[PDB]
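File shown: data09.txt (compact mmCIF, N, CA, C and O atoms).
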# COMPACT_ATOMS: atom_id res chain seq x y z
N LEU A 306 28.71 -13.07 25.32
CA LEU A 306 28.84 -11.62 25.23
C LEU A 306 27.67 -11.03 24.44
O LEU A 306 26.77 -11.74 23.99
N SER A 307 27.69 -9.71 24.28
CA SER A 307 26.62 -9.02 23.58
C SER A 307 26.63 -9.38 22.10
O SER A 307 27.64 -9.81 21.53
N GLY A 308 25.47 -9.21 21.47
CA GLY A 308 25.29 -9.54 20.07
C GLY A 308 25.49 -8.35 19.15
O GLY A 308 26.10 -7.34 19.52
N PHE A 309 24.98 -8.48 17.93
CA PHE A 309 25.11 -7.44 16.92
C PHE A 309 23.99 -7.60 15.91
O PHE A 309 23.36 -8.65 15.81
N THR A 310 23.76 -6.53 15.15
CA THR A 310 22.69 -6.50 14.16
C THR A 310 23.18 -5.76 12.92
O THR A 310 24.02 -4.85 13.01
N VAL A 311 22.66 -6.16 11.76
CA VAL A 311 23.02 -5.51 10.51
C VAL A 311 22.55 -4.06 10.53
O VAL A 311 21.43 -3.76 10.95
N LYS A 312 23.41 -3.16 10.08
CA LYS A 312 23.13 -1.73 10.10
C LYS A 312 22.03 -1.38 9.11
O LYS A 312 22.25 -1.51 7.89
N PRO A 313 20.85 -0.95 9.55
CA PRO A 313 19.74 -0.61 8.64
C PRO A 313 19.78 0.84 8.15
O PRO A 313 19.08 1.73 8.63
N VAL A 314 20.61 1.08 7.14
CA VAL A 314 20.77 2.42 6.57
C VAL A 314 19.93 2.59 5.31
O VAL A 314 20.21 3.48 4.50
N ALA A 315 18.91 1.76 5.12
CA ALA A 315 18.03 1.86 3.97
C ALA A 315 16.58 1.84 4.43
O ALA A 315 16.26 1.44 5.55
N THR A 316 15.69 2.30 3.54
CA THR A 316 14.27 2.35 3.85
C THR A 316 13.47 2.11 2.58
O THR A 316 13.89 2.49 1.48
N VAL A 317 12.31 1.48 2.74
CA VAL A 317 11.39 1.20 1.64
C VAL A 317 10.00 1.64 2.07
O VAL A 317 9.55 1.30 3.17
N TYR A 318 9.32 2.39 1.21
CA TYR A 318 7.99 2.91 1.50
C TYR A 318 7.07 2.62 0.33
O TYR A 318 7.37 3.01 -0.81
N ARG A 319 5.96 1.94 0.60
CA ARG A 319 4.95 1.64 -0.41
C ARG A 319 3.57 1.87 0.20
O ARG A 319 3.34 1.54 1.36
N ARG A 320 2.67 2.43 -0.60
CA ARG A 320 1.32 2.73 -0.13
C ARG A 320 0.38 3.02 -1.30
O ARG A 320 0.71 3.83 -2.18
N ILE A 321 -0.77 2.37 -1.31
CA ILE A 321 -1.75 2.60 -2.38
C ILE A 321 -2.42 3.96 -2.17
O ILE A 321 -2.93 4.23 -1.06
N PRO A 322 -2.43 4.84 -3.16
CA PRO A 322 -3.08 6.14 -2.99
C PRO A 322 -4.58 5.99 -2.80
O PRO A 322 -5.24 5.22 -3.50
N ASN A 323 -5.12 6.73 -1.83
CA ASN A 323 -6.55 6.68 -1.54
C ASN A 323 -7.35 7.29 -2.68
O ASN A 323 -8.18 6.63 -3.31
N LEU A 324 -7.11 8.57 -2.96
CA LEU A 324 -7.78 9.26 -4.06
C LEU A 324 -7.02 9.05 -5.36
O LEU A 324 -5.80 8.86 -5.35
N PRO A 325 -7.71 9.06 -6.50
CA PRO A 325 -7.02 8.86 -7.78
C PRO A 325 -6.06 9.99 -8.08
O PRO A 325 -6.21 11.12 -7.59
N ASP A 326 -5.06 9.68 -8.90
CA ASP A 326 -4.07 10.68 -9.28
C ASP A 326 -4.73 11.81 -10.06
O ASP A 326 -5.43 11.57 -11.05
N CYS A 327 -4.52 13.04 -9.60
CA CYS A 327 -5.14 14.21 -10.21
C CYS A 327 -4.67 14.38 -11.65
O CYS A 327 -5.47 14.23 -12.59
N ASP A 328 -3.38 14.67 -11.83
CA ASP A 328 -2.77 14.84 -13.15
C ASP A 328 -3.47 15.93 -13.97
O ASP A 328 -3.55 15.85 -15.19
N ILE A 329 -3.98 16.96 -13.29
CA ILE A 329 -4.58 18.11 -13.97
C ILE A 329 -3.78 19.39 -13.76
O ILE A 329 -4.09 20.41 -14.39
N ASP A 330 -2.75 19.37 -12.90
CA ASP A 330 -1.93 20.55 -12.67
C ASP A 330 -1.13 20.95 -13.90
O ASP A 330 -0.59 22.06 -13.93
N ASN A 331 -1.03 20.08 -14.91
CA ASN A 331 -0.39 20.42 -16.17
C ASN A 331 -1.26 21.31 -17.05
O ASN A 331 -0.83 21.68 -18.15
N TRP A 332 -2.47 21.65 -16.61
CA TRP A 332 -3.34 22.53 -17.38
C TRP A 332 -2.74 23.92 -17.55
O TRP A 332 -3.05 24.61 -18.53
N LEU A 333 -1.89 24.34 -16.62
CA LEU A 333 -1.24 25.64 -16.72
C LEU A 333 -0.15 25.68 -17.78
O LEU A 333 0.35 26.77 -18.09
N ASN A 334 0.24 24.53 -18.33
CA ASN A 334 1.32 24.45 -19.31
C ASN A 334 0.81 23.92 -20.65
O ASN A 334 1.49 23.16 -21.34
N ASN A 335 -0.40 24.33 -21.03
CA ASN A 335 -0.97 23.91 -22.31
C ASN A 335 -0.41 24.78 -23.43
O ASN A 335 0.43 25.66 -23.23
N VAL A 336 -0.90 24.54 -24.65
CA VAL A 336 -0.44 25.29 -25.81
C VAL A 336 -1.28 26.53 -26.09
O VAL A 336 -0.81 27.44 -26.78
N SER A 337 -2.50 26.59 -25.57
CA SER A 337 -3.40 27.72 -25.79
C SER A 337 -3.29 28.66 -24.59
O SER A 337 -3.92 28.44 -23.56
N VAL A 338 -2.48 29.71 -24.74
CA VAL A 338 -2.29 30.70 -23.69
C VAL A 338 -3.53 31.58 -23.61
O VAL A 338 -3.92 32.18 -24.62
N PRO A 339 -4.18 31.68 -22.46
CA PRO A 339 -5.39 32.49 -22.34
C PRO A 339 -5.05 33.98 -22.33
O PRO A 339 -3.90 34.39 -22.42
N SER A 340 -6.10 34.79 -22.21
CA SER A 340 -5.99 36.24 -22.23
C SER A 340 -6.89 36.81 -21.14
O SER A 340 -7.81 36.12 -20.67
N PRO A 341 -6.66 38.05 -20.72
CA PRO A 341 -7.57 38.67 -19.74
C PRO A 341 -8.98 38.90 -20.26
O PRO A 341 -9.85 39.30 -19.48
N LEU A 342 -9.23 38.68 -21.55
CA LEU A 342 -10.58 38.82 -22.08
C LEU A 342 -11.47 37.65 -21.63
O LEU A 342 -12.55 37.86 -21.08
N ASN A 343 -11.02 36.42 -21.87
CA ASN A 343 -11.77 35.23 -21.50
C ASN A 343 -11.29 34.62 -20.19
O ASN A 343 -12.11 34.36 -19.30
N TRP A 344 -9.98 34.41 -20.05
CA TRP A 344 -9.35 33.83 -18.85
C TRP A 344 -10.17 32.66 -18.30
O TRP A 344 -10.71 32.70 -17.20
N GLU A 345 -10.26 31.61 -19.13
CA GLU A 345 -11.02 30.42 -18.77
C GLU A 345 -10.56 29.86 -17.43
O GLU A 345 -9.39 29.96 -17.06
N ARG A 346 -11.50 29.26 -16.71
CA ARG A 346 -11.27 28.75 -15.36
C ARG A 346 -11.73 27.31 -15.27
O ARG A 346 -12.79 26.95 -15.78
N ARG A 347 -10.92 26.48 -14.61
CA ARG A 347 -11.24 25.08 -14.38
C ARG A 347 -11.17 24.80 -12.88
O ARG A 347 -10.20 25.18 -12.22
N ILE A 348 -12.19 24.13 -12.36
CA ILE A 348 -12.29 23.83 -10.94
C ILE A 348 -11.74 22.43 -10.69
O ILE A 348 -11.91 21.53 -11.52
N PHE A 349 -11.07 22.25 -9.55
CA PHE A 349 -10.47 20.98 -9.17
C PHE A 349 -11.18 20.45 -7.93
O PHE A 349 -11.23 21.14 -6.90
N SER A 350 -11.71 19.24 -8.02
CA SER A 350 -12.39 18.59 -6.91
C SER A 350 -11.95 17.14 -6.84
O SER A 350 -11.77 16.49 -7.87
N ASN A 351 -11.79 16.63 -5.61
CA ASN A 351 -11.31 15.27 -5.36
C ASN A 351 -9.98 15.03 -6.07
O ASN A 351 -9.85 14.16 -6.94
N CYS A 352 -8.99 15.82 -5.69
CA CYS A 352 -7.68 15.79 -6.32
C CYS A 352 -6.59 15.83 -5.25
O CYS A 352 -6.84 16.18 -4.10
N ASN A 353 -5.38 15.47 -5.66
CA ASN A 353 -4.21 15.49 -4.79
C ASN A 353 -3.08 16.20 -5.51
O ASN A 353 -2.81 15.93 -6.68
N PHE A 354 -2.42 17.12 -4.80
CA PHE A 354 -1.36 17.92 -5.38
C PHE A 354 -0.19 18.01 -4.41
O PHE A 354 -0.35 17.81 -3.20
N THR B 792 4.12 -76.86 33.01
CA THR B 792 4.65 -78.00 32.26
C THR B 792 5.51 -77.57 31.08
O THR B 792 6.56 -78.18 30.83
N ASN B 793 5.10 -76.55 30.34
CA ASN B 793 5.87 -76.00 29.23
C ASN B 793 6.09 -74.51 29.47
O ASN B 793 5.29 -73.85 30.13
N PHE B 794 7.19 -73.99 28.91
CA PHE B 794 7.57 -72.61 29.14
C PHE B 794 8.16 -72.01 27.87
O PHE B 794 8.54 -72.73 26.94
N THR B 795 8.23 -70.69 27.85
CA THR B 795 8.85 -69.94 26.76
C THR B 795 9.51 -68.70 27.36
O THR B 795 9.57 -68.54 28.58
N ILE B 796 10.00 -67.82 26.49
CA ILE B 796 10.65 -66.59 26.90
C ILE B 796 10.01 -65.43 26.15
O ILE B 796 9.91 -65.47 24.92
N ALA B 797 9.59 -64.41 26.88
CA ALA B 797 8.95 -63.23 26.32
C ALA B 797 9.85 -62.02 26.45
O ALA B 797 10.85 -62.02 27.17
N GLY B 798 9.48 -60.95 25.74
CA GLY B 798 10.24 -59.72 25.76
C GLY B 798 9.40 -58.52 26.13
O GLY B 798 8.17 -58.55 26.04
N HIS B 799 10.06 -57.44 26.55
CA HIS B 799 9.37 -56.22 26.96
C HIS B 799 10.34 -55.06 26.90
O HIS B 799 11.47 -55.17 27.39
N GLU B 800 9.91 -53.94 26.32
CA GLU B 800 10.72 -52.75 26.19
C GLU B 800 10.25 -51.68 27.16
O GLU B 800 9.07 -51.60 27.50
N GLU B 801 11.19 -50.84 27.60
CA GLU B 801 10.89 -49.77 28.53
C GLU B 801 11.77 -48.57 28.21
O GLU B 801 12.95 -48.73 27.88
N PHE B 802 11.19 -47.38 28.31
CA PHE B 802 11.89 -46.13 28.02
C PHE B 802 11.89 -45.25 29.26
O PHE B 802 10.83 -45.02 29.86
N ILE B 803 13.06 -44.75 29.63
CA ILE B 803 13.23 -43.86 30.77
C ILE B 803 13.92 -42.59 30.30
O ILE B 803 15.02 -42.66 29.74
N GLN B 804 13.28 -41.45 30.51
CA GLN B 804 13.85 -40.18 30.10
C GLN B 804 15.04 -39.82 30.98
O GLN B 804 14.98 -39.96 32.21
N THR B 805 16.11 -39.35 30.36
CA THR B 805 17.34 -39.01 31.07
C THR B 805 17.80 -37.58 30.83
O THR B 805 18.26 -36.92 31.77
N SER B 806 17.68 -37.07 29.61
CA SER B 806 18.16 -35.75 29.25
C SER B 806 17.00 -34.87 28.80
O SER B 806 15.86 -35.31 28.69
N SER B 807 17.31 -33.60 28.53
CA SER B 807 16.34 -32.61 28.10
C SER B 807 17.07 -31.55 27.29
O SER B 807 18.23 -31.24 27.60
N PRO B 808 16.44 -30.99 26.26
CA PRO B 808 17.11 -29.95 25.46
C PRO B 808 17.37 -28.70 26.29
O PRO B 808 16.50 -28.21 27.00
N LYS B 809 18.60 -28.19 26.18
CA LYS B 809 19.02 -27.02 26.93
C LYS B 809 18.64 -25.76 26.17
O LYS B 809 18.98 -25.61 24.99
N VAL B 810 17.95 -24.84 26.85
CA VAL B 810 17.45 -23.61 26.25
C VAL B 810 18.15 -22.43 26.91
O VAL B 810 18.24 -22.38 28.14
N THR B 811 18.64 -21.50 26.10
CA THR B 811 19.27 -20.28 26.57
C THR B 811 18.49 -19.07 26.08
O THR B 811 18.09 -19.02 24.91
N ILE B 812 18.27 -18.11 26.96
CA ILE B 812 17.48 -16.92 26.67
C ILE B 812 18.34 -15.68 26.91
O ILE B 812 19.09 -15.62 27.89
N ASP B 813 18.22 -14.71 26.01
CA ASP B 813 18.95 -13.45 26.10
C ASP B 813 17.96 -12.30 26.20
O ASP B 813 17.01 -12.22 25.41
N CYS B 814 18.19 -11.40 27.16
CA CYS B 814 17.34 -10.22 27.30
C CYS B 814 17.64 -9.17 26.24
O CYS B 814 16.73 -8.45 25.82
N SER B 815 18.90 -9.05 25.82
CA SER B 815 19.28 -8.01 24.87
C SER B 815 18.63 -8.19 23.51
O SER B 815 18.59 -7.24 22.72
N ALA B 816 18.13 -9.39 23.20
CA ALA B 816 17.48 -9.66 21.92
C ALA B 816 16.01 -9.99 22.06
O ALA B 816 15.35 -10.27 21.05
N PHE B 817 15.46 -9.98 23.28
CA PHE B 817 14.07 -10.32 23.52
C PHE B 817 13.19 -9.09 23.72
O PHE B 817 12.14 -8.96 23.08
N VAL B 818 13.60 -8.17 24.59
CA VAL B 818 12.82 -6.98 24.89
C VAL B 818 13.38 -5.75 24.18
O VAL B 818 12.62 -4.89 23.73
N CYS B 819 14.70 -5.66 24.07
CA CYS B 819 15.40 -4.49 23.55
C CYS B 819 16.33 -4.89 22.41
O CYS B 819 17.52 -4.58 22.41
N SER B 820 15.78 -5.62 21.44
CA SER B 820 16.58 -6.22 20.37
C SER B 820 17.51 -5.22 19.70
O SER B 820 18.74 -5.35 19.77
N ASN B 821 16.95 -4.20 19.05
CA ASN B 821 17.76 -3.27 18.27
C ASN B 821 17.34 -1.82 18.48
O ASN B 821 17.44 -1.01 17.56
N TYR B 822 16.85 -1.48 19.67
CA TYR B 822 16.40 -0.13 19.98
C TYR B 822 17.23 0.44 21.12
O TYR B 822 17.40 -0.22 22.15
N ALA B 823 17.74 1.65 20.93
CA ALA B 823 18.58 2.28 21.94
C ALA B 823 17.77 2.83 23.10
O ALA B 823 18.22 2.78 24.25
N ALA B 824 16.57 3.36 22.82
CA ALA B 824 15.73 3.88 23.89
C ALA B 824 15.25 2.78 24.82
O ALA B 824 14.96 3.04 25.99
N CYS B 825 15.14 1.55 24.31
CA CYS B 825 14.74 0.43 25.16
C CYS B 825 15.82 0.08 26.16
O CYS B 825 15.52 -0.24 27.32
N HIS B 826 17.09 0.14 25.74
CA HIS B 826 18.19 -0.21 26.64
C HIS B 826 18.33 0.79 27.78
O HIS B 826 18.83 0.44 28.85
N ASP B 827 17.91 2.04 27.56
CA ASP B 827 18.01 3.04 28.62
C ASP B 827 17.06 2.71 29.77
O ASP B 827 17.43 2.86 30.94
N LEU B 828 15.84 2.27 29.46
CA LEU B 828 14.89 1.91 30.51
C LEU B 828 15.19 0.55 31.11
O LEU B 828 14.89 0.32 32.29
N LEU B 829 15.78 -0.37 30.34
CA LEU B 829 16.09 -1.69 30.87
C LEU B 829 17.22 -1.63 31.89
O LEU B 829 17.26 -2.46 32.81
N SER B 830 18.14 -0.67 31.75
CA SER B 830 19.23 -0.53 32.71
C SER B 830 18.74 0.00 34.05
O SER B 830 19.47 -0.13 35.05
N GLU B 831 17.55 0.58 34.10
CA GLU B 831 17.02 1.08 35.37
C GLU B 831 16.70 -0.06 36.33
O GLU B 831 16.81 0.11 37.55
N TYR B 832 16.29 -1.21 35.81
CA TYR B 832 15.98 -2.35 36.66
C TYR B 832 17.22 -2.97 37.29
O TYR B 832 17.11 -3.70 38.27
N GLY B 833 18.40 -2.69 36.74
CA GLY B 833 19.63 -3.18 37.34
C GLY B 833 19.81 -4.67 37.11
O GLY B 833 19.57 -5.20 36.02
N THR B 834 20.24 -5.37 38.17
CA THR B 834 20.51 -6.80 38.10
C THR B 834 19.19 -7.56 38.18
O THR B 834 18.81 -8.12 39.22
N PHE B 835 18.47 -7.58 37.07
CA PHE B 835 17.23 -8.32 36.94
C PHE B 835 17.27 -9.37 35.84
O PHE B 835 16.67 -10.43 35.99
N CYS B 836 17.96 -9.08 34.74
CA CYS B 836 18.15 -10.06 33.68
C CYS B 836 19.37 -10.94 33.88
O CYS B 836 19.44 -12.03 33.31
N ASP B 837 20.35 -10.48 34.67
CA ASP B 837 21.49 -11.32 35.00
C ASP B 837 21.10 -12.50 35.89
O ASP B 837 21.80 -13.51 35.90
N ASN B 838 19.99 -12.38 36.62
CA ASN B 838 19.50 -13.50 37.42
C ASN B 838 18.83 -14.56 36.57
O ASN B 838 18.89 -15.75 36.90
N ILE B 839 18.18 -14.16 35.47
CA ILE B 839 17.55 -15.12 34.58
C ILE B 839 18.61 -16.00 33.91
O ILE B 839 18.42 -17.21 33.77

Reformat the file's structure so that it appears as structure tokens.
Amino acid sequence: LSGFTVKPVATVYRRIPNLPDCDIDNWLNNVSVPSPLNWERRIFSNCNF
Amino acid sequence: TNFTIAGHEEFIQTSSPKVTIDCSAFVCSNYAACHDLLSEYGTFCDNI
């Protein structure tokens, strides 16, 4: 008769990130709150968000 | 004038290992979309 298979209700995903971890999006939550006088700006290049 | 007795062995094959094949686990093991197309061929795996 016909067979059977274990029910695959789980999944596993692993993958090495190509670009390095950015970890710069926390710049908006620093302790030095800027002002409209200076309003310092930081550029993001080669990052992942 | 003088004689002796010699020996000799011989092997004759008689049996063979029995192999069974299933289509439900070969082409369409655990995929439902595979079984839909396999049923189109009809009585093709029942002959095997």

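By chain and then residue number, the residues within 8 Å of range 811-819 of chain B are residues 307 and 308 of chain A; 823, 824, 825, 826, 829, 836, 837 and 839 of chain B, counting all atoms listed in the file and disregarding those fewer than 4 positions away in sequence.
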
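Taking atom N of residue 331 in chain A and CA of residue 317 in chain A as endpoints, the distance between them is 28.0 Å.
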
Interface residues on chain A facing chain B, 12 Å, only C-alpha atoms, written as a ChimeraX atom specification: /A:306-313

Atom-to-atom span, atom N of residue 810 in chain B and CA of residue 833 in chain B, Å: 24.1 Å

Near residue 349 in chain A, within 10 Å and counting only C-alpha atoms, which residues show up once chain neighbours fewer than 4 positions away are dropped, as an mmCIF file with N, CA, C and O atoms, in the coordinates of the input?
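Output file selection-v7.cif is given in full below:
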data_model
loop_
_atom_site.group_PDB
_atom_site.id
_atom_site.type_symbol
_atom_site.label_atom_id
_atom_site.label_comp_id
_atom_site.auth_asym_id
_atom_site.auth_seq_id
_atom_site.Cartn_x
_atom_site.Cartn_y
_atom_site.Cartn_z
ATOM 1 N N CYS A 327 -4.520 13.040 -9.600
ATOM 2 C CA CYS A 327 -5.140 14.210 -10.210
ATOM 3 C C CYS A 327 -4.670 14.380 -11.650
ATOM 4 O O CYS A 327 -5.470 14.230 -12.590
ATOM 5 N N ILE A 329 -3.980 16.960 -13.290
ATOM 6 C CA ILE A 329 -4.580 18.110 -13.970
ATOM 7 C C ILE A 329 -3.780 19.390 -13.760
ATOM 8 O O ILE A 329 -4.090 20.410 -14.390
ATOM 9 N N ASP A 330 -2.750 19.370 -12.900
ATOM 10 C CA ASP A 330 -1.930 20.550 -12.670
ATOM 11 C C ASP A 330 -1.130 20.950 -13.900
ATOM 12 O O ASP A 330 -0.590 22.060 -13.930
ATOM 13 N N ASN A 353 -5.380 15.470 -5.660
ATOM 14 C CA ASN A 353 -4.210 15.490 -4.790
ATOM 15 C C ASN A 353 -3.080 16.200 -5.510
ATOM 16 O O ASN A 353 -2.810 15.930 -6.680
#

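Going from atom C of residue 322 in chain A to atom N of residue 351 in chain A covers 13.2 Å.
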
What are the centre and edge lengths in Å, to one decimal, of the axis-aligned box around all listed atoms of range 792-810 of chain B with 6 Å added on each side, as lines of an AutoDock Vina configuration file?
center_x = 11.6
center_y = -50.3
center_z = 29.0
size_x = 26.9
size_y = 67.8
size_z = 20.1

Which residues are close to residue 352 in chain A, i.e. within 8 Å by only C-alpha atoms, leaving aside same-chain residues fewer than 5 positions away? Reply as an mmCIF file with N, CA, C and O atoms, keeping the file's coordinate frame.
data_model
loop_
_atom_site.group_PDB
_atom_site.id
_atom_site.type_symbol
_atom_site.label_atom_id
_atom_site.label_comp_id
_atom_site.auth_asym_id
_atom_site.auth_seq_id
_atom_site.Cartn_x
_atom_site.Cartn_y
_atom_site.Cartn_z
ATOM 1 N N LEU A 324 -7.110 8.570 -2.960
ATOM 2 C CA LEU A 324 -7.780 9.260 -4.060
ATOM 3 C C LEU A 324 -7.020 9.050 -5.360
ATOM 4 O O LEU A 324 -5.800 8.860 -5.350
ATOM 5 N N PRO A 325 -7.710 9.060 -6.500
ATOM 6 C CA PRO A 325 -7.020 8.860 -7.780
ATOM 7 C C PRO A 325 -6.060 9.990 -8.080
ATOM 8 O O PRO A 325 -6.210 11.120 -7.590
ATOM 9 N N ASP A 326 -5.060 9.680 -8.900
ATOM 10 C CA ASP A 326 -4.070 10.680 -9.280
ATOM 11 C C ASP A 326 -4.730 11.810 -10.060
ATOM 12 O O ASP A 326 -5.430 11.570 -11.050
ATOM 13 N N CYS A 327 -4.520 13.040 -9.600
ATOM 14 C CA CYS A 327 -5.140 14.210 -10.210
ATOM 15 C C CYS A 327 -4.670 14.380 -11.650
ATOM 16 O O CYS A 327 -5.470 14.230 -12.590
#

Give the helix (DSSP H, G or I) residues of chain A, as DSSP finds them on the backbone, and put them as a PDB file with N, CA, C and O atoms, keeping the file's coordinate frame.
ATOM      1  N   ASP A 330      -2.750  19.370 -12.900  1.00  0.00           N
ATOM      2  CA  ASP A 330      -1.930  20.550 -12.670  1.00  0.00           C
ATOM      3  C   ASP A 330      -1.130  20.950 -13.900  1.00  0.00           C
ATOM      4  O   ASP A 330      -0.590  22.060 -13.930  1.00  0.00           O
ATOM      5  N   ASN A 331      -1.030  20.080 -14.910  1.00  0.00           N
ATOM      6  CA  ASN A 331      -0.390  20.420 -16.170  1.00  0.00           C
ATOM      7  C   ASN A 331      -1.260  21.310 -17.050  1.00  0.00           C
ATOM      8  O   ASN A 331      -0.830  21.680 -18.150  1.00  0.00           O
ATOM      9  N   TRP A 332      -2.470  21.650 -16.610  1.00  0.00           N
ATOM     10  CA  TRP A 332      -3.340  22.530 -17.380  1.00  0.00           C
ATOM     11  C   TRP A 332      -2.740  23.920 -17.550  1.00  0.00           C
ATOM     12  O   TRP A 332      -3.050  24.610 -18.530  1.00  0.00           O
ATOM     13  N   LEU A 333      -1.890  24.340 -16.620  1.00  0.00           N
ATOM     14  CA  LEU A 333      -1.240  25.640 -16.720  1.00  0.00           C
ATOM     15  C   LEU A 333      -0.150  25.680 -17.780  1.00  0.00           C
ATOM     16  O   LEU A 333       0.350  26.770 -18.090  1.00  0.00           O
ATOM     17  N   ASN A 334       0.240  24.530 -18.330  1.00  0.00           N
ATOM     18  CA  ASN A 334       1.320  24.450 -19.310  1.00  0.00           C
ATOM     19  C   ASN A 334       0.810  23.920 -20.650  1.00  0.00           C
ATOM     20  O   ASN A 334       1.490  23.160 -21.340  1.00  0.00           O
TER      21      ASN A 334
END
